[PDB]
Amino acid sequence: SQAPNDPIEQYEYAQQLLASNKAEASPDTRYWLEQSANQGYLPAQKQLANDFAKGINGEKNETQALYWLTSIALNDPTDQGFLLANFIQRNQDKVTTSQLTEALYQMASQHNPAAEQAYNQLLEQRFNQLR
């Protein structure tokens, strides 16, 4: 059972896998950070925000970077938007209000039925263009 369920041991397992330094890109590091971050573990959310922004353990994903930055803003009383603001500021050329809208609805959709409808509408239109 090499499969932690507690967010602290998930986060630590992610570091352990990364330290194995196979290719230094560790997709399972991203996987375990996500499990940890989804249970609200702030260190995992911070690492995941950097991972998605920079493409550390996998592809870059600006919208998911913005999502985790938003999560950090909501859950770190000494952040309250600093990392998100600085990311937008230094990526003014790449970050669109559209990506930010999607990340925000993604966050809001957890406890707000109106947000879940708007989020799904964005996803469905983003998908029917690839279709």
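The numbering used is simple: start at 1 and walk along the sequence shown.
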With B-factors read from the PDB entry, the higher C-alpha mean of 86 to 94 and 51 to 59 is in 86 to 94
May I ask you to compare 66 to 74 and 98 to 106 by their mean CA B factor in the entry and name the higher one? 98 to 106
Highest Cα temperature factor in the entry, among the options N120, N112, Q10, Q16: which one is it? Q16
Please say which third, lowest, middle or highest, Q80 falls into when its CA temperature factor is compared across its chain. lowest
Would you mind ranking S26 by its C-alpha B-factor against the rest of the chain and naming the third, lowest, middle or highest? highest
